[PDB]
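J.: I'm passing along upload-v5.tsv; it holds TSV, C-alpha atoms.
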chain	number	residue	atom	x	y	z
A	581	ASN	CA	112.86	119.95	111.08
A	582	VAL	CA	110.68	122.86	112.22
A	583	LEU	CA	106.97	122.70	111.37
A	584	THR	CA	105.26	126.01	110.61
A	585	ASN	CA	103.22	125.40	107.43
A	586	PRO	CA	99.66	124.22	108.21
A	587	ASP	CA	99.37	123.03	104.61
A	588	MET	CA	101.95	120.30	105.23
A	589	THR	CA	99.92	118.93	108.14
A	590	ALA	CA	96.73	119.17	106.09
A	591	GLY	CA	98.31	117.31	103.19
A	592	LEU	CA	99.79	114.63	105.43
A	593	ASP	CA	96.39	114.09	107.05
A	594	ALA	CA	94.69	114.05	103.64
A	595	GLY	CA	97.04	111.20	102.71
A	596	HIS	CA	96.15	109.28	105.88
A	597	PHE	CA	99.73	109.57	107.14
A	598	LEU	CA	99.03	111.11	110.56
A	599	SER	CA	97.15	109.57	113.47
A	600	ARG	CA	94.12	111.53	114.66
A	601	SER	CA	94.30	110.09	118.20
A	602	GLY	CA	97.73	110.85	119.66
A	603	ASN	CA	101.44	110.08	119.47
A	604	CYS	CA	103.11	107.24	117.60
A	605	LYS	CA	102.17	103.94	119.27
A	606	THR	CA	104.55	101.46	117.67
A	607	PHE	CA	104.01	97.71	118.16
A	608	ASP	CA	100.56	98.57	119.56
A	609	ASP	CA	97.53	96.77	118.16
A	610	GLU	CA	95.81	100.12	117.42
A	611	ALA	CA	98.52	101.88	115.42
A	612	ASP	CA	96.84	104.27	112.98
A	613	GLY	CA	99.51	106.78	111.90
A	614	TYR	CA	102.41	108.80	113.22
A	615	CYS	CA	102.86	112.17	114.92
A	616	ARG	CA	104.83	115.13	113.58
A	617	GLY	CA	107.77	116.16	115.77
A	618	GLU	CA	110.61	118.68	115.64
A	619	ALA	CA	114.30	118.22	116.34
A	620	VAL	CA	117.70	119.63	115.38
A	621	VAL	CA	120.83	117.52	115.86
A	622	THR	CA	124.46	118.07	114.85
A	623	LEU	CA	127.37	115.64	115.07
A	624	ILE	CA	131.12	115.88	114.49
A	625	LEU	CA	132.69	113.05	112.50
A	626	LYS	CA	136.28	112.09	111.78
A	627	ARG	CA	138.25	109.03	110.77
A	628	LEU	CA	139.26	107.02	113.82
A	629	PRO	CA	143.07	107.36	113.53
A	630	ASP	CA	142.79	111.13	113.11
A	631	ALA	CA	140.61	111.40	116.21
A	632	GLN	CA	142.93	109.18	118.26
A	633	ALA	CA	146.05	111.07	117.18
A	634	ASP	CA	144.27	114.34	118.05
A	635	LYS	CA	143.34	113.31	121.62
A	636	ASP	CA	139.73	114.06	120.70
A	637	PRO	CA	136.88	112.57	122.77
A	638	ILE	CA	135.31	109.58	121.01
A	639	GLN	CA	131.94	108.12	121.99
A	640	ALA	CA	131.07	105.81	119.07
A	641	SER	CA	132.39	104.45	115.77
A	642	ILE	CA	130.45	103.98	112.54
A	643	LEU	CA	131.34	100.66	110.91
A	644	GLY	CA	129.18	100.79	107.79
A	645	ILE	CA	126.26	102.45	106.05
A	646	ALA	CA	124.21	101.68	102.96
A	647	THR	CA	121.13	102.78	101.03
A	648	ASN	CA	118.68	101.27	98.56
A	649	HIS	CA	115.09	101.66	97.35
A	650	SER	CA	111.87	99.69	97.82
A	651	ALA	CA	110.92	99.96	94.17
A	652	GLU	CA	109.04	96.63	94.19
A	653	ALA	CA	106.43	97.85	96.68
A	654	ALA	CA	102.76	97.54	95.78
A	655	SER	CA	102.47	101.33	96.01
A	656	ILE	CA	105.02	104.13	95.99
A	657	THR	CA	104.46	105.05	99.64
A	658	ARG	CA	104.08	101.46	100.84
A	659	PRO	CA	107.23	99.81	102.25
A	660	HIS	CA	108.80	96.58	101.00
A	661	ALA	CA	110.14	94.14	103.59
A	662	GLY	CA	112.35	92.25	101.13
A	663	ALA	CA	114.38	95.32	100.22
A	664	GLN	CA	114.88	96.15	103.90
A	665	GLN	CA	116.08	92.62	104.64
A	666	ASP	CA	118.54	92.79	101.75
A	667	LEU	CA	119.82	96.15	103.00
A	668	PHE	CA	120.34	94.85	106.54
A	669	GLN	CA	122.09	91.71	105.33
A	670	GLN	CA	124.32	93.70	102.97
A	671	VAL	CA	125.42	96.08	105.72
A	672	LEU	CA	126.02	93.22	108.16
A	673	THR	CA	128.13	91.23	105.69
A	674	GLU	CA	130.13	94.29	104.64
A	675	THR	CA	130.81	95.21	108.27
A	676	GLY	CA	132.04	91.69	109.04
A	677	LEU	CA	129.66	91.08	111.96
B	436	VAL	CA	105.39	142.88	94.21
B	437	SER	CA	108.46	142.19	92.08
B	438	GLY	CA	110.45	144.73	90.10
B	439	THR	CA	111.20	142.42	87.19
B	440	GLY	CA	108.98	140.04	85.25
B	441	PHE	CA	111.40	138.56	82.73
B	442	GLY	CA	112.79	135.05	82.39
B	443	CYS	CA	113.05	132.13	79.98
B	444	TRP	CA	110.10	129.77	80.32
B	445	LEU	CA	109.02	126.28	79.30
B	446	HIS	CA	105.68	126.76	77.56
B	447	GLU	CA	104.96	123.00	77.47
B	448	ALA	CA	105.55	122.41	81.18
B	449	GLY	CA	102.04	121.03	81.69
B	450	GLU	CA	102.25	118.33	79.02
B	451	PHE	CA	102.39	114.74	80.26
B	452	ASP	CA	101.51	111.20	79.17
B	453	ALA	CA	99.59	109.98	82.21
B	454	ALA	CA	98.57	106.61	80.76
B	455	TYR	CA	102.17	105.67	79.97
B	456	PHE	CA	103.25	106.32	83.58
B	457	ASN	CA	100.30	104.60	85.28
B	458	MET	CA	98.88	107.90	86.52
B	459	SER	CA	95.30	109.17	86.67
B	460	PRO	CA	93.71	112.36	85.30
B	461	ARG	CA	92.97	113.54	88.84
B	462	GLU	CA	96.40	112.57	90.17
B	463	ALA	CA	98.35	114.13	87.29
B	464	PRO	CA	97.56	117.85	87.87
B	465	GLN	CA	98.59	117.31	91.50
B	466	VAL	CA	102.14	116.24	90.57
B	467	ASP	CA	104.73	118.99	90.37
B	468	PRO	CA	105.65	119.50	86.69
B	469	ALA	CA	109.27	119.07	87.76
B	470	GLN	CA	108.56	115.42	88.59
B	471	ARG	CA	106.69	114.83	85.32
B	472	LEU	CA	109.41	116.41	83.20
B	473	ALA	CA	112.02	114.44	85.14
B	474	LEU	CA	110.15	111.24	84.32
B	475	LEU	CA	109.86	112.13	80.63
B	476	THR	CA	113.49	113.17	80.22
B	477	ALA	CA	114.79	110.20	82.23
B	478	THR	CA	112.80	107.79	80.08
B	479	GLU	CA	114.04	109.46	76.90
B	480	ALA	CA	117.65	109.35	78.09
B	481	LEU	CA	117.39	105.69	79.10
B	482	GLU	CA	115.89	104.78	75.73
B	483	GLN	CA	118.53	106.85	73.92
C	11	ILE	CA	72.72	95.39	92.98
C	12	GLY	CA	72.11	97.41	89.83
C	13	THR	CA	71.56	100.72	91.61
C	14	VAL	CA	74.44	100.07	94.01
C	15	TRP	CA	76.70	99.13	91.11
C	16	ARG	CA	75.80	102.24	89.10
C	17	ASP	CA	76.38	104.52	92.09
C	18	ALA	CA	79.69	102.78	92.84
C	19	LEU	CA	80.80	103.19	89.22
C	20	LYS	CA	79.91	106.88	89.45
C	21	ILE	CA	81.98	107.16	92.64
C	22	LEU	CA	84.93	105.40	91.02
C	23	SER	CA	84.76	107.60	87.93
C	24	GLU	CA	84.61	110.73	90.09
C	25	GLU	CA	87.62	109.77	92.19
C	26	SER	CA	89.60	108.47	89.19
C	27	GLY	CA	88.60	111.26	86.82
C	28	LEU	CA	87.95	108.74	84.03
C	29	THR	CA	85.16	108.43	81.47
C	30	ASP	CA	83.31	105.16	82.28
C	31	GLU	CA	84.00	104.47	78.59
C	32	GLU	CA	87.43	102.98	79.40
C	33	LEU	CA	86.57	102.08	83.02
C	34	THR	CA	85.21	98.82	81.64
C	35	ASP	CA	85.35	95.23	82.89
C	36	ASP	CA	88.76	94.58	81.33
C	37	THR	CA	90.31	97.67	82.92
C	38	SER	CA	93.08	96.86	85.39
C	39	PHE	CA	93.30	98.99	88.53
C	40	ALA	CA	97.08	99.27	88.16
C	41	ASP	CA	96.90	100.81	84.68
C	42	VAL	CA	94.22	103.25	85.86
C	43	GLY	CA	96.64	104.49	88.49
C	44	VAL	CA	94.76	103.71	91.71
C	45	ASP	CA	97.23	103.31	94.56
C	46	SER	CA	96.39	102.09	98.04
C	47	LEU	CA	96.26	105.78	98.98
C	48	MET	CA	93.44	106.43	96.50
C	49	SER	CA	91.72	103.11	97.15
C	50	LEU	CA	91.42	104.19	100.78
C	51	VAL	CA	89.51	107.32	99.72
C	52	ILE	CA	87.33	105.24	97.40
C	53	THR	CA	86.43	102.80	100.18
C	54	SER	CA	85.89	105.55	102.76
C	55	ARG	CA	83.48	107.46	100.52
C	56	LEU	CA	81.82	104.19	99.53
C	57	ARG	CA	81.18	103.10	103.11
C	58	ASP	CA	80.11	106.59	104.18
C	59	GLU	CA	77.49	107.05	101.45
C	60	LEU	CA	76.53	103.70	99.91
C	61	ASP	CA	77.02	101.84	103.23
C	62	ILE	CA	78.79	98.91	101.56
C	63	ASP	CA	81.25	96.64	103.37
C	64	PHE	CA	84.83	97.18	102.13
C	65	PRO	CA	86.97	97.27	105.29
C	66	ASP	CA	90.69	96.64	105.87
C	67	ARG	CA	91.64	95.63	102.29
C	68	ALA	CA	90.67	98.51	99.96
C	69	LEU	CA	90.11	97.43	96.32
C	70	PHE	CA	93.42	97.35	94.44
C	71	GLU	CA	94.76	94.45	96.51
C	72	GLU	CA	91.96	91.88	96.27
C	73	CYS	CA	90.29	93.37	93.17
C	74	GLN	CA	92.84	93.56	90.37
C	75	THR	CA	90.31	94.57	87.68
C	76	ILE	CA	86.83	96.04	87.59
C	77	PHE	CA	85.56	92.46	87.29
C	78	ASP	CA	86.55	91.71	90.88
C	79	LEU	CA	85.12	94.96	92.25
C	80	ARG	CA	81.80	94.35	90.49
C	81	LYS	CA	81.74	90.75	91.76
C	82	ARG	CA	82.36	91.92	95.32
C	83	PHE	CA	79.60	94.50	94.87
C	84	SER	CA	77.17	91.85	93.62
C	85	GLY	CA	77.43	90.01	96.95
C	86	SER	CA	77.51	86.63	95.21
The structure given in the file should be rewritten as structure tokens.
T.:
Amino acid sequence: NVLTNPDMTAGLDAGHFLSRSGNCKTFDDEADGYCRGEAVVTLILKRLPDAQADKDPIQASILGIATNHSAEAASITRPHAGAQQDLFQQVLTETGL
Amino acid sequence: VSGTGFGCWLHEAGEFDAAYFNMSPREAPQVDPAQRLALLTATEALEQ
Amino acid sequence: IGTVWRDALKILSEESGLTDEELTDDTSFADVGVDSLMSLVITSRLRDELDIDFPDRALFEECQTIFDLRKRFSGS
């Protein structure tokens, strides 16, 4: 994510997505939007037995992953807590934890 | 400035049924015709 | 209330791009296509110009149809 198009910022502010005060203040009582950031990240993945047999350095293991949609939200952009709870429960049960 | 101006075009790319898809006359022209055509074709395929 | 209601209906028709022929009492805000995103613009313009009190809840949530919006505007 590299931001260089002013139109994207203008259109995100026209949609009341971005805060006009400062950074993202999550859990704060005065949260009024998010801030646009940049970052590039790359990871190397491999099945655990293949990494162990290769003497590769391992620093974490992914146990499960899932995706769904909040299609029951009041609006397209608005989130839906029920869908998120179902996703979390599904991943937890599948992972066995 | 391009050197070629040919291509095969969709001449009904701007046609949409806003009322069917709970859209508004001011919102509709702001939606990329790709999304509108995707909606139309997906609905037709599902009904077919 | 009459002048405020007429100006509000004009504002709603402008932002929605509808006629005021079909933006009647029976009209449902969902069928019109007003999201929370658009209701925010409606309420912001409304407060800025007409000076009416529609904070923190927009219109589509509490007011399902034009009936509810008109009732809220009447200040009954």
J.: Quick check, in Å to one decimal: how far apart do atom CA of residue C:23 and atom CA of residue B:464 lie?
T.: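 Those two atoms sit 16.4 Å apart.
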J.: Distance cut-off 10 Å, counting only C-alpha atoms - which residues of chain C neighbour chain B? Return them as a list in words.
T.: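 The complete set of qualifying residues is residues 24, 25, 26, 27, 28, 39, 40, 41, 42, 43, 44, 45 and 48 of chain C.
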J.: For C-alpha atoms, I'd like the residues from the last selection saved as a PDB file, in the frame of the given file.
T.:
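As a result, again_39.pdb now contains:
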ATOM      1  CA  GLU C  24      84.610 110.730  90.090  1.00  0.00           C
ATOM      2  CA  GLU C  25      87.620 109.770  92.190  1.00  0.00           C
ATOM      3  CA  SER C  26      89.600 108.470  89.190  1.00  0.00           C
ATOM      4  CA  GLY C  27      88.600 111.260  86.820  1.00  0.00           C
ATOM      5  CA  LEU C  28      87.950 108.740  84.030  1.00  0.00           C
ATOM      6  CA  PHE C  39      93.300  98.990  88.530  1.00  0.00           C
ATOM      7  CA  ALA C  40      97.080  99.270  88.160  1.00  0.00           C
ATOM      8  CA  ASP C  41      96.900 100.810  84.680  1.00  0.00           C
ATOM      9  CA  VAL C  42      94.220 103.250  85.860  1.00  0.00           C
ATOM     10  CA  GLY C  43      96.640 104.490  88.490  1.00  0.00           C
ATOM     11  CA  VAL C  44      94.760 103.710  91.710  1.00  0.00           C
ATOM     12  CA  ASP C  45      97.230 103.310  94.560  1.00  0.00           C
ATOM     13  CA  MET C  48      93.440 106.430  96.500  1.00  0.00           C
TER      14      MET C  48
END
J.: How close does chain A get to chain C? List, as a Markdown table, each residue of chain A within 10 Å, its nearest atom pair and the distance in Å to one decimal, counting all atoms listed in the file.
T.:
| residue | atom | partner | partner_atom | distance |
| --- | --- | --- | --- | --- |
| A:594 | CA | C:51 | CA | 9.4 |
| A:595 | CA | C:47 | CA | 6.6 |
| A:596 | CA | C:47 | CA | 7.7 |
| A:597 | CA | C:47 | CA | 9.6 |
| A:654 | CA | C:45 | CA | 8.1 |
| A:655 | CA | C:45 | CA | 5.8 |
| A:656 | CA | C:45 | CA | 8.0 |
| A:657 | CA | C:47 | CA | 8.3 |
| A:658 | CA | C:46 | CA | 8.2 |
J.: Distance atom CA of residue A:593-atom CA of residue A:662, one decimal place?
T.: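 Interatomic distance here is 27.7 Å.
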J.: Counting all atoms listed in the file, figure out which residue out of B:478, B:439, B:465, B:472 gets nearest to chain A.
T.: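 For chain A, the nearest of the candidates is B:465.
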J.: Name the residues in contact with residue A:675 at a cut-off of 7 Å, using only C-alpha atoms, excluding same-chain residues fewer than 4 positions from it; report them as a list in words.
T.: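 Near residue A:675, the qualifying residues are residues 643, 644 and 671 of chain A.
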J.: Just to be explicit: take each residue in the selection above, keep C-alpha atoms, and write the result as a CSV table (one decimal), in the coordinates of the input.
T.:
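As a result, again_24.csv now contains:
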chain,number,residue,atom,x,y,z
A,643,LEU,CA,131.3,100.7,110.9
A,644,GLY,CA,129.2,100.8,107.8
A,671,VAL,CA,125.4,96.1,105.7
J.: Name the closest residue to residue B:467 among the candidates B:448, B:436, B:481, B:443; distances are taken between atoms, counting all atoms listed in the file.
T.: B:448
J.: Between atom CA of residue C:52 and atom CA of residue C:74, what is the distance in Å, rounded to a tenth?
T.: 14.7 Å
J.: Provide an axis-aligned box for all listed atoms of stretch 69-79 of chain C, padding each side by 6 Å; report its centre and its edge lengths in Å to one decimal, as AutoDock Vina command-line options.
T.:
--center_x 89.9 --center_y 94.6 --center_z 91.9 --size_x 21.6 --size_y 17.7 --size_z 21.2
